[PDB]
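In what follows, a structure is listed as structure tokens, so that the remarks can point back to it.
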Amino acid sequence: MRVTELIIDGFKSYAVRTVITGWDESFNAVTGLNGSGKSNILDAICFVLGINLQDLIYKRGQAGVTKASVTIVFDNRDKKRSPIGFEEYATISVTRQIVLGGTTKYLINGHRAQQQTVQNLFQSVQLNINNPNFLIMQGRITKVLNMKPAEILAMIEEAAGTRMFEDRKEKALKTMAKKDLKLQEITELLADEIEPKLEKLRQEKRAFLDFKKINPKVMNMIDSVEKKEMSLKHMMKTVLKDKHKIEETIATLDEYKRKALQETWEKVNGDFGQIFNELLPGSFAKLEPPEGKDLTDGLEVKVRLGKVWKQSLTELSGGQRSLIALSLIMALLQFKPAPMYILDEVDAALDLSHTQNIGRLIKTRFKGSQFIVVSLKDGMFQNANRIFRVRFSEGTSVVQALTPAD
């Protein structure tokens with residue numbers, strides 16, 4: 001499902017009921033540097049999705065407005081991507097409301113719904129509200145640029161799905177820990193408790209036969225502890241074989257983990273360089289282990305600016321660093337896909353041509369997903385199919401909808 005309509009009423013700078021309609025299925029751009037209305041559109045979308053709420057009302061809500069409502073209207077004609085249990089609806093609308101005191105209620109298609117129902121709806125179409133895989137904000141770019149090689153790898157390990165192997169390896173390690181401990185309990189009991197009692201007992205019997213009393217049950221005590229020895233010694237050789245079996249299992253786990261990480265590394269590395277080449281024509285990039293280490297020890301971003309390999313991301317300009325981090329983020333979207341993606345103010349250091357390159361990539365390489373790009377600066381992302389310009393007029397934010405190529 002994709003967005004077709006956004007209705008904001010009494011929410012933040014939208015004092016009056018405001019309907020923003022005609023959202024494109026592929027590439028939308030929300031602009032408006034001055035004022036708060038442009039960013040308020042994103043806050044309204046995040047509010048319905050579920051990312052002191054009385055402050056979100058028009059005046060918190062000390063002035064006239066005392067109720068706030070936001071409604072997202074989804075097109076649901078593509079039944080293949082329809083949320084399960086809602087296939088009959090050609091259109092699904094989710095509404096969230098605020099009243100004084102900051103309590104909220106949800107509506108689905110005009111009928112009251114539980115919050116869990118709305119959350120289960122969004123997560124059924126891979127809009128992970130709890131861990132947003134669809135929200136690319138400026139902080140994510142800054143975070144990626146400062147990631148150490150171990151953290152870059154962790155990003156790749158997640159896409160490879162190697163937690164599968166790591167959970168198994170953690171189980172076997174707890175198992176082999178109990179096995180290892182068992183031999184220590186055996187060796188303590190055997191060497192320090194069973195073997196001394198047995199040789200002392202054989203010594204008493206060896207004092208008695210020599211030319212007086214011996215314990216009548218000495219024959220039995222000998223045979224009793226002699227059996228306990230043969231049982232412990234065989235357990236030694238058995239628990240060790242279990243320990244060997246776990247080691248061979250873990251090595252097979254690590255091998256399949258390494259091979260799965262290798263396939264994901266090559267897939268990401270290929271897309272990452274091509275995406276960066278599209279966003280910054282004439283340049284290239286790759287993920288490579290740091291000088292001297294291995295894949296298991298982490299991955300590192302190497303950038304070729306023009307014909308020059310750069311030693312550090314530190315050496316890149318502001319715009320080049322944003323494009324490098326955005327290229328890596330976009331190269332990983334395929335592993336946790338979403339029907340909708342939101343790009344929030346990543347264009348501070350960018351030129352117009354860079355935003356045009358991002359826009360072309362959205363319409364082609366990422367065709368099949370709906371992109372909403374909230375621009376920071378005006379006049380960016382001009383090749384968007386639908387552009388919503390926010391201004392402020394008569395105490396409320398007003399949105400002008402445009403369709404380039406008229």
Side-chain angles (χ1 to χ4, degrees), residues 50 84 116 119-120 122-135 140 143-144 146-194 228-272 287-290 292-301 328-329 331-338:
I84 206 165
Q116 180 170 352
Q119 169 149 10
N120 296 10
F122 285 142
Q123 301 198 313
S124 71
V125 288
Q126 294 84 59
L127 285 180
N128 194 337
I129 302 301
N130 228 75
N131 194 27
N133 56 316
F134 60 95
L135 187 53
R140 235 278 142 149
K143 181 189 177 64
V144 167
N146 298 124
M147 284 187 182
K148 299 156 192 172
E151 311 173 55
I152 301 282
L153 211 209
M155 216 161 45
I156 306 301
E157 279 171 336
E158 165 177 323
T162 63
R163 190 48 170 166
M164 204 194 320
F165 310 90
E166 269 293 328
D167 290 339
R168 201 62 51 166
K169 177 163 180 170
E170 224 192 333
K171 257 195 175 186
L173 276 171
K174 287 212 180 66
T175 284
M176 200 197 303
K178 296 197 293 181
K179 298 284 182 175
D180 265 85
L181 158 142
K182 191 70 178 181
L183 291 93
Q184 295 315 295
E185 295 168 341
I186 289 183
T187 335
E188 283 178 15
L189 227 59
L190 180 270
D192 294 28
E193 221 273 315
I194 290 303
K228 298 187 179 184
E229 241 196 23
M230 187 182 177
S231 185
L232 286 183
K233 294 176 183 173
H234 185 81
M235 202 177 302
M236 288 260 213
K237 305 166 53 187
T238 278
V239 180
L240 167 146
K241 273 237 172 183
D242 297 11
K243 191 178 145 65
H244 275 212
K245 184 220 175 185
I246 312 296
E247 296 172 355
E248 182 169 347
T249 291
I250 294 188
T252 303
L253 285 175
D254 288 338
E255 167 134 88
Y256 280 165
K257 172 191 180 186
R258 148 82 59 157
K259 179 172 180 174
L261 196 62
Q262 177 76 26
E263 296 175 30
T264 296
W265 177 23
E266 297 170 15
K267 176 59 176 174
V268 176
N269 186 82
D271 290 326
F272 170 52
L287 293 167
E288 206 71 40
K293 282 311 172 191
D294 187 8
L295 213 197
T296 314
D297 306 34
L299 258 10
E300 192 181 32
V301 173
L328 186 51
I329 293 175
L332 293 163
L333 299 177
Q334 53 183 327
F335 300 97
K336 294 186 301 189

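The first residue in the sequence is number 1, and the count goes up from there. Excluded from the calculations below are hydrogen atoms, water molecules and symmetry mates; all remaining heavy atoms, backbone and side chain alike, are included.
Judged by distance alone, with hydrogens and angles left aside, the side-chain atoms of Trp265 form no donor-acceptor pair with the main-chain N or O of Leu295 at under 3.5 Å. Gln126 places no side-chain N or O within 3.5 Å of a backbone atom of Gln123 that could act as its donor or acceptor partner. Without hydrogens or angle criteria, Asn128 side chain to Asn131 main chain gives a donor-acceptor distance under 3.5 Å.
To the nearest 0.5 Å, atom OG1 of residue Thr187 and atom CD of residue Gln184 are 5.0 Å apart. Interatomic distance, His244 NE2 to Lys179 NZ, rounded to the nearest 0.5 Å: 13.0 Å. Of the inter-residue distances, the one linking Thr296 atom OG1 with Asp254 atom CG reads 8.5 Å to the nearest 0.5 angstrom. Atom CD of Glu288 and atom CD of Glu300 lie 9.5 Å apart (nearest 0.5 Å). Rounded to the nearest 0.5 Å, atoms CZ (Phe165) and CG (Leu261) are 10.0 Å apart. A distance of 7.5 Å separates CD in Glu166 from CD in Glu170, rounded to the nearest 0.5 Å.
Using a cutoff of 4.0 Å between basic side-chain nitrogens and carboxylate oxygens, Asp271 and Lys267 are scored as salt-bridged. Taking the charged nitrogens against the carboxylate oxygens, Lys259 and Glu255 have no contact shorter than 4.0 Å, which rules out a salt bridge. A salt bridge links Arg258 and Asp294; the closest N-O separation between the charged side-chain nitrogens and carboxylate oxygens is under 4.0 Å. Ion pairing between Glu158 and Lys336 holds under the 4.0 Å rule for side-chain N and carboxylate O.
The closest side-chain heavy-atom distance from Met164 to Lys257 is not below 4.5 Å. Taking the side chain as every heavy atom from C-beta outward, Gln119 and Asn130 approach each other to under 4.5 Å. Side-chain contact between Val301 and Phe272 is present, with at least one heavy-atom pair separated by less than 4.5 Å.
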